[PDB]
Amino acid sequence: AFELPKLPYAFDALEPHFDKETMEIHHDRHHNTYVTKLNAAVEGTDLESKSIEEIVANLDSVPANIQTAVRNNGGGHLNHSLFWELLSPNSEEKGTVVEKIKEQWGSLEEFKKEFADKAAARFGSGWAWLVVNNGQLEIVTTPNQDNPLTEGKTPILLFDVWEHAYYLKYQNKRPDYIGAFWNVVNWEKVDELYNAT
């Protein structure tokens, strides 16, 4: 059922912020593995015909015998699918959400310091998120491949803090990785996800 989406750019398009070796392994191996395991878990079930957003939104209703496989591999597919679309080689910091962030945090620089603090604080594997929670912007972090959509919050930006996302280039220096992320955020896609709510 589910397919590995193509990247919207070359593996080396985000250099020198994200390394081309990481982009290839992250997409062609890790994300591909999530698609493979997700297809195995939903094969022959009533989940087969559902969009991955509908599955992750309604994860709490997935049968107990496949719920962990779908939480982990469905989460992995959705989160990596959003991540590729939310990166861009020629990121401009403007648009609807940048204006909303400035209004709420006072500056982009204040927003980035809170985002970096929470992203650096996530212990073990997970994600940092900008979400809309009942019309208000919030930063949250989740473990493993958990997604805030499961708790009725709409993600508009995410950031992978699994070690596979940064180890080849940055090793233990997750703060340097978070720093490099601001250079490649696709604020056009962030706006698109925000305006859809």
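The numbering used is simple: start at 1 and walk along the sequence shown.
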{"property": "Given 162-170 and 54-62, the range whose Cα B-factors average higher in the PDB entry", "result": "54-62"}
{"property": "Average Cα temperature factor in the PDB entry - higher stretch of 88-96, 68-76", "result": "88-96"}
{"property": "Chain thirds of CA B-factor: placement of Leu193", "result": "middle"}
{"property": "Lowest, middle or highest third - CA B-factor, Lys153", "result": "highest"}
{"property": "Chain thirds of CA B-factor: placement of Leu82", "result": "lowest"}
{"property": "Where the record places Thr36 (Cα B-factor, split into thirds across the chain)", "result": "middle"}
{"property": "Chain third (lowest, middle, highest) by recorded CA B-factor, residue given as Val131", "result": "middle"}
